[PDB]
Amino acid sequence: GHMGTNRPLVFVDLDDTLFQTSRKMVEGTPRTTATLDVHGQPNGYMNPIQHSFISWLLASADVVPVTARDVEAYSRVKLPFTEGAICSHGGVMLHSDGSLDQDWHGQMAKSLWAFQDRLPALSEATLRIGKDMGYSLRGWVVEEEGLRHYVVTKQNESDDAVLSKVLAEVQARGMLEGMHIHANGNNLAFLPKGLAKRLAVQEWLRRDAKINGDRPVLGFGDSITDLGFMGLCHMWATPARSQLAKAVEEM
């Protein structure tokens, strides 16, 4: 029989799914501010279709962000999400009021302690190996309070092909055993095995079923690696020109 709410539970990726930076939109296109930079100035935008879509979705369903952004970067997303969030590539769950989920934090700590030294080592070694190939890079360890989650690397050449090369050699030098990777645009991330949007969404669904039983679950994402959590949903969806959609086109 029926228990709780029967409205869809919708997991949405953020960057390049609901909004994007100015460089990724045609100049002069009308836009609404969706995110701020660390200096507090607008830096991510929705075009009119994107704003209409997320407004409709937020009013019609229970919408939960599922994002690579860490908690601080998620706090610069200026969209009125009301159901909590999954952040840091599934390393963090936030309650509806934005406070940290202590249970998940404990479980993630358990999956990640064996990596706490390797992640700063791997970032420094990646940034050195890139400077040795002549590429001006930029990188850091993404970390919640205390706990280090994953390594991110970007390039300063206006040439995303650089990162695919670095990925090739790091893979060769064997530096990525026991880890998985995300690459989309000017972003190359190395993730420990127990860190994945899929794992956090799986737990979110386990909790939801105890309150609301089985209700429709929709997943929206733009990256090929978003297929991890999207495959847990009853239906999954992608923007027409996403990395995922372009790969499907080529198939």
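Throughout, we count residues from 1 along the sequence that is shown.
- Look at the C-alpha B-factors of 74-82 and of 132-140. On average they run higher in 132-140.
- Looking at 92-100 and 112-120 together, the entry lists the larger mean B-factor for 112-120, computed on C-alpha atoms.
- The PDB entry assigns the greatest CA B-factor among 191, 57, 188, 49 to 191.
- In the PDB entry, residue 161 places in the highest third of its chain by CA B-factor.
- In this PDB entry, residue 219 carries a Cα temperature factor that places it within the lowest third of its chain's modelled residues.
- Per the deposited record, the Cα B-factor of residue 203 falls in the lowest third when ranked against the other modelled residues of its chain.
- Residue-level temperature factors show residue 210 in the middle third of its chain, judged at the C-alpha atom.
- Annotation for residue 125: CA B-factor lies in the highest third of the chain's modelled residues.
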